[PDB]
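> 3D, please:
(chains A, B, C and D, ligands or ions: 1)
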Amino acid sequence: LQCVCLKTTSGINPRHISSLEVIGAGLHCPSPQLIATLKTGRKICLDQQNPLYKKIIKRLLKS
Amino acid sequence: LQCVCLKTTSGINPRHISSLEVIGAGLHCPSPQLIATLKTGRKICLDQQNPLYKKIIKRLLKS
Amino acid sequence: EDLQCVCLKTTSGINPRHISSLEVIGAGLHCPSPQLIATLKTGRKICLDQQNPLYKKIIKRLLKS
Amino acid sequence: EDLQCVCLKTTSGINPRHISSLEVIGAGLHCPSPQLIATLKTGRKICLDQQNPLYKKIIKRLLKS
Ligand code: TCN
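Residues are numbered from 1 along each chain as shown, chains lettered A, B, ... in the order given. Next up is the structure itself:
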């Protein structure tokens, strides 16, 4: 089918993230999809091009 | 602005859905969001106009 | 054996309007029963009982906007 | 006390090619430890060991176009 993450964002605070999901590319979407869940319930798409996502993964692996 | 769901789908088979999340409108996104995760780990957005979602809630709960 | 259900117990006095998200998980190898996890806007997470129509009120409330 | 850890046991013998998605969940009220849940292409879920680098390879794989 198709990508869900058509619009990505970087205007977010690592500290507000509670979880991150990486969906690999395949027939449904030619690129990886990174969906972050804020602590308040909201979900946003991250851009793999920004390294923000690597900071998120370190903070999550810490706590 | 920061919506995950920019484009929906009404073409799926509920059999394939492992979970459904209902997100309310807020500051990131002005409209409710219906994200379905397929058994494979892939996500799709559903239309709240189409009641397939209702079909899907029923099936997940009485399963 | 590898994984267990995330929901220990269910809660029932919540106000449909304190919820920012509702997640419906089917039964599977991961957990033998379907689960209803609601996120309060405060970030607290609770599980609801599918045998309480409260979840239907939340879903109605969440689709509003 | 409504939620608990879903990850009981971790797995180390998986082919990075079988994984379709990975979820990293930080610690909090629900579980005092982070959890790495992978969904294989088969619909099956498993927990990865973070103090093992099998997960590093998977991340790298999942990030390729
Ligand atoms: N009950 C329980 Ni746990 C177990 N076994 C874990 N890990 C938790 N929380």
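> hmm, residue A:7 is touching residue A:44, no?
No - at 9.1 Å, residue A:7 does not count as touching residue A:44 under the criterion of Cβ atoms under 8 Å. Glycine gets a C-beta too; all of them are placed from N, C-alpha and C.
> between those two, which one's more packed in?
residue A:44 (24 against 14; other Cβ atoms under 10 Å in any protein chain shown).
> so the more buried one sits against residue A:12, correct?
Yes - using Cβ under 8 Å, residue A:44 is in contact with residue A:12, at 6.3 Å.
> so who does the residue of chain A found nearest chain C touch?
Using Cβ to the nearest Cβ, the closest approach of chain A to chain C is made by residue A:41 at 3.4 Å. Counting by Cβ atoms under 8 Å, 6 or more residues apart in numbering or on different chains, residue A:41 touches B:23-24, B:26, C:20-21, C:39, C:41, C:43.
> secondary structure element for the closest residue to it other than its chain neighbours, which one?
Once flanking residues are discounted, residue A:41 sits nearest to residue C:20: 3.4 Å by Cβ to Cβ, 6 or more residues apart in numbering or on different chains. Using DSSP states H and E, residue C:20 sits in strand C:19-25.
> paired strands for that strand, with orientation please.
Taking DSSP bridges as the criterion, strand C:19-25 pairs within the sheet with strand B:17-23 (antiparallel), strand C:35-40 (antiparallel).
> tell me how far it lies from the chain's centre.
Taking Cα atoms, centre = their mean, to the nearest Å, the mean C-alpha location of strand C:19-25 is offset from the chain mean by 5 Å.
> dump the residue contacts of residue A:32.
With contact set as Cβ under 8 Å, 6+ apart, residue A:32 has these partners: A:22-25, A:48, D:62-65.
> quick one, phi/psi of it?
Backbone dihedrals for residue A:32, given as degrees, to the nearest 10, come out at phi -60, psi 150.
> how about the contacts made by residue A:6?
Residues counted as contacts of residue A:6 (Cβ under 8 Å, 6+ apart) are A:45, B:6-7.
> what does residue A:12 give?
Per Cβ under 8 Å, 6+ apart, neighbours of residue A:12: A:36, A:38, A:44, A:46, A:52.
> same check, this time on residue A:38
The contact partners of residue A:38, taken as Cβ under 8 Å, 6+ apart, are A:12, A:16-18, A:44.
> rerun that using 7 Å as the cut-off
Residues near residue A:38 by Cβ atoms under 7 Å, 6 or more residues apart in numbering or on different chains: A:16-18.
> residue A:31 and chain B, how far apart?
13 Å (Cβ to the nearest Cβ, to the nearest Å).
> sorry, wrong one. I was asking about residue A:61.
20 Å.
> what's the neighbour count on that residue?
15.
> next up, phi/psi of whichever residue of chain A sits closest to chain B, please.
With Cβ to the nearest Cβ as the measure, residue A:6 is the residue of chain A nearest to chain B, at 4.4 Å. With angles defined as degrees, to the nearest 10, residue A:6 sits at phi -90, psi -30.
> I'd say residue A:23 and residue B:44 touch.
No - in this structure residue A:23 lies outside contact range of residue B:44 using Cβ atoms under 7 Å: 11.2 Å.
> hang on, the earlier thing: and the contacts of residue A:41 as TSV, adding distance to the ligand?
Shown next, in TSV, are the contacts of residue A:41 (distance: Cβ to the nearest ligand atom, whole Å):
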residue	distance to the ligand
B:23	26
B:24	29
B:26	30
C:20	24
C:21	22
C:39	19
C:41	25
C:43	19
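> ok, so of those residues, who is nearest chain D?
Nearest to chain D among these, with distances taken as Cβ to the nearest Cβ, is residue C:43, at 8.5 Å.
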